[PDB]
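The block underneath contains the structure these notes are about, expressed in structure tokens.
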Amino acid sequence: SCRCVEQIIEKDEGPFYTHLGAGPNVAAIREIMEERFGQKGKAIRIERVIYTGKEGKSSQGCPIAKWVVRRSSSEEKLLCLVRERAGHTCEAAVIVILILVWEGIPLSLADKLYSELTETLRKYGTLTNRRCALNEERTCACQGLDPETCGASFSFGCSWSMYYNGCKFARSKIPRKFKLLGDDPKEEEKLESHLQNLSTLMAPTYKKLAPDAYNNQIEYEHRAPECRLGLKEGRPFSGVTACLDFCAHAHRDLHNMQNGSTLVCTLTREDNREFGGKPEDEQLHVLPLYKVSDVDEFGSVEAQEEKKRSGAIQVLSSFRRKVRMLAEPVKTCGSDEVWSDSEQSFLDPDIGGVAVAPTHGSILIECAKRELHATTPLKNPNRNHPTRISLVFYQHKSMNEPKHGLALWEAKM
DNA sequence: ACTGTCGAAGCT
DNA sequence: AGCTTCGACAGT
Ligand SMILES: O=C(O)CNC(=O)C(=O)O
Ligand SMILES: [Fe+3]
Ligand SMILES: [Zn+2]
Ligand SMILES: [Zn+2]
Ligand SMILES: [Zn+2]
């Protein structure tokens with residue numbers, strides 16, 4: 001382990017890791033997942049995806065989906081995406097790259113967080129600028145152009161910093177982990193309470209469904225408690241980002257800690273909260289370097305064709321649409337209409353773009369540090385009534401000092 | 001052989 | 001409120 005080859009050419013077989021789960025064959029994965037979830041059979045659905053290393057993107061460089069994995073029934077509880085490693089016959093020949101639990105949190109609590117975060121971030125939220133907010137040319141308008149309504153990212157908790165090679169709060173007497181506009185401690189505590197309670201609720205589910213990644217993240221819980229979220233023993237998270245109609249361009253989260261993962265809690269607008277329903281718009285979570293198999297979990301071609309026809313796997317087609325492009329790139333230190341298209345991505349069967357359509361209250365686990373990932377731009381982004389809110393829970397690298405690493409930094413004298 | 005990042009404190 | 005120090009790394 002391993003001897004199937006003599007070097008790991010990730011650029012071809014894809015990134016290799018096992019802390020979400022690994023096994024000799026797809027059947028093995030099902031055994032693991034049935035045991036973890038505590039449910040055999042139809043509750044669990046496994047989709048083979050294939051690493052192609054060729055990125056699906058629009059003519060302007062923005063995210064697109066080529067296939068959508070959709071919840072097949074109310075009977076489906078757990079979605080797993082597995083990669084069969086090209087040219088391997090060992091005990092980690094198949095690995096888990098994504099876990100999605102459809103019924104992640106209580107719907108009543110999801111409904112509430114939707115209202116409360118939308119209202120709170122609206123009024124007091126100070127947005128966090130991220131590289132993945134723009135395409136590579138830095139001229140797209142995927143978030144919308146109205147500053148008041150555009151899709152945005154709001155980051156809370158602790159973050160790693162290059163200046164300190166540690167927590168950004170190295171020099172902070174009393175850190176404000178849930179900092180809002182100006183200074184309004186009653187709103188900030190209200191936000192905190194919501195996100196701490198949510199951190200607390202999700203950690204047990206993280207442990208249950210991805211033990212090894214979870215255990216990696218709590219190794220230093222008692223050494224750096226100031227850089228952890230959560231209200232109870234077992235605190236895998238350190239940072240949390242809220243994304244409101246935010247189009248995250250293809251990226252990896254480089255600052256995240258090695259051998260961890262990301263948990264994403266999804267909240268949707270009220271028109272998209274029933275199974276099978278027909279929402280005006282919809283945001284997808286995409287893995288641009290993968291394609292779907294010709295075959296289902298158990299090896300059948302016909303079973304996989306049924307899913308394509310039922311819609312459990314939606315095969316999308318090329319599209320021409322108009323989008324705006326800034327006259328001048330966004331820096332760091334007016335616009336025109338342009339025809340965007342995806343024909344090229346769709347022409348090549350090996351250009352990727354496997355997407356999932358995460359539901360209200362669902363929880364998605366992936367190794368965002370390793371896998372390229374993206375979210376699709378909304379037709380009409382409006383963070384005042386967003387089509388989708390995602391709450392992304394993570395822990396950065398080198399967050400293992402007490403007191404946000406205060407002593408270690410003052411020691412650098 | 002360059003670029004660019006889920007920043008905040010202290011002084012002015 | 002603006003101007004300054006603080007600098008680890010993956011990508012290309
Ligand atoms: O919102 C999602 O589904 C995924 N989000 C991200 O990758 C991010 O904010 O970095
Ligand atoms: Fe990400
Ligand atoms: Zn874009
Ligand atoms: Zn092998
Ligand atoms: Zn911290």
Side-chain angles (χ1 to χ4, degrees), chain A residues 10-11 15 53 55 57 61 117 121 125-139 142-143 150-183 188 191 195 199 217 226-229 237-258 260-265 285 288-289 329-333 366-375 383 389-401 403-413:
Chain A
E10 312 183 297
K11 190 148 180 195
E55 175 184 343
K57 52 195 289 183
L117 302 168
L121 287 175
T126 178
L127 55 68
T128 313
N129 294 312
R130 289 169 79 189
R131 180 151 183 71
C132 71
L134 288 148
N135 61 6
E136 185 180 59
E137 295 303 334
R138 286 176 70 83
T139 54
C142 294
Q143 316 303 350
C150 60
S153 271
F154 308 88
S155 280
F156 301 112
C158 298
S159 297
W160 174 89
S161 159
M162 72 191 182
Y163 308 108
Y164 312 129
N165 188 26
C167 183
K168 59 167 172 176
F169 286 136
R171 302 199 316 180
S172 291
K173 311 138 174 318
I174 319 95
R176 291 165 63 188
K177 287 186 181 189
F178 301 86
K179 173 166 218 32
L180 296 164
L181 284 176
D183 190 288
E188 291 194 7
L191 181 53
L195 291 176
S199 312
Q217 276 182 236
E226 288 80 33
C227 294
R228 302 297 181 271
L229 303 170
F237 314 127
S238 163
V240 57
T241 282
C243 300
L244 286 71
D245 281 354
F246 184 69
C247 170
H249 292 65
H251 69 287
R252 293 180 187 80
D253 293 303
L254 301 182
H255 302 306
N256 290 21
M257 69 178 282
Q258 212 77 257
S261 72
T262 280
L263 268 68
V264 178
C265 182
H285 182 99
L289 312 180
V330 179
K331 288 162 131 259
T332 298
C333 182
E366 80 187 339
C367 187
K369 187 184 182 74
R370 298 314 301 289
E371 304 288 0
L372 192 66
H373 65 291
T375 59
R383 65 180 194 267
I389 304 180
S390 78
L391 304 172
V392 179
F393 290 87
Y394 51 95
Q395 167 177 169
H396 282 184
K397 57 168 174 172
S398 298
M399 305 298 276
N400 300 319
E401 286 300 328
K403 300 177 238 70
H404 311 285
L406 170 66
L408 189 55
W409 184 252
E410 291 179 340
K412 281 182 207 209
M413 293 197 249

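As a basis for the values below, the full set of heavy atoms in this structure was taken, side chains included, without hydrogen atoms, waters or symmetry mates. Naming: A, B, ... by sequence-line order, numbering from 1 per chain.
Annotation: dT4(C) and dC6(B) have their P atoms spaced 23 Å apart (nearest Å). Using atom P as the reference point in both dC9(C) and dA9(B), the two lie 23 Å apart (nearest Å). Rounded to a whole angstrom, the distance from the P atom of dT12(B) to that of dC6(C) is 16 Å.
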Watson-Crick or G-U pairs under 3.5 Å in DNA chain C, rendered as dot-bracket with [ ] for crossing pairs and | for another strand: ||||.|.|||||

Could you write nucleotides 5-12 of chain B as a row of B, S and -, 5' to 3', where a protein heavy atom under 4.0 Å of any base atom gives B, of only sugar-phosphate atoms gives S, and otherwise -? BBBSBS--

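Annotation: side chain of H404(A) is in contact with side chain of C227(A) (closest heavy-atom distance under 4.5 Å). By the 4.5 Å heavy-atom criterion applied to side chains, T128(A) and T241(A) are not counted as neighbours.
Within the nucleic acid shown, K397(A) comes within 4.0 Å of sugar-phosphate atoms alone, with no base atom in reach, counting heavy atoms only.
If you measure from atom CH2 of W409(A) to atom P of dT5(C), you get 14 Å, rounded to the nearest angstrom. Look at NZ on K11(A): it is 16 Å from P on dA10(C), rounded to the nearest Å. Rounded to whole Å, the distance from CZ on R252(A) to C1' on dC9(C) is 15 Å. When the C1' atom of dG4(B) is taken as reference, atom NE2 of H249(A) falls 17 Å away, rounded to whole Å.
Without both a ring-centre distance below 5.5 Å and an interplanar angle below 30°, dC6(B) is not stacked on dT5(B). Judged by ring centres closer than 5.5 Å and planes tilted by less than 30°, the bases of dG7(C) and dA8(C) are not stacked on each other.
With respect to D253(A) and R370(A), no salt bridge is recorded, no charged nitrogen being found less than 4.0 Å from a carboxylate O. Ionic pairing of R252(A) and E371(A) is not present here: no N-O contact between side-chain nitrogen and carboxylate oxygen is shorter than 4.0 angstrom. Comment: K177(A) does not engage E188(A) in a salt bridge, judged by the lack of any side-chain N to carboxylate O separation of less than 4.0 angstrom.
Shown here, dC6(C) is classed anti by the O4'-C1'-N9-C4 or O4'-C1'-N1-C2 angle, which is more than 90° from 0. Glycosidic conformation at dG7(C) (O4'-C1'-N9-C4 for purines, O4'-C1'-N1-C2 for pyrimidines): syn, within 90° of 0.
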Contacts table for residues 159-169 of chain A: side-chain donor-acceptor under 3.5 angstrom, sequence neighbours left out:
from    : atom 1 : to      : atom 2 : distance (Å)
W160(A) : NE1    : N165(A) : OD1    : 3.3
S161(A) : OG     : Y163(A) : N      : 3.3

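In this structure, a donor-acceptor pair under 3.5 Å is absent between the side chains of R130(A) and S155(A). Of the N and O atoms on the side chains of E136(A) and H249(A), not one donor lies less than 3.5 Å from an acceptor on the other residue.
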List the steps, then state whether side-chain hydrogen bond (donor to acceptor under 3.5 Å, both in side chains) holds for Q143(A) with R383(A). CA-CA 9 Å; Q143(A) 316 303 350; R383(A) 65 180 194 267; over 6 Å; no

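Ranked by how close their nearest DNA chain C nucleotide is to the 5' end, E136(A) and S398(A) are led by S398(A).
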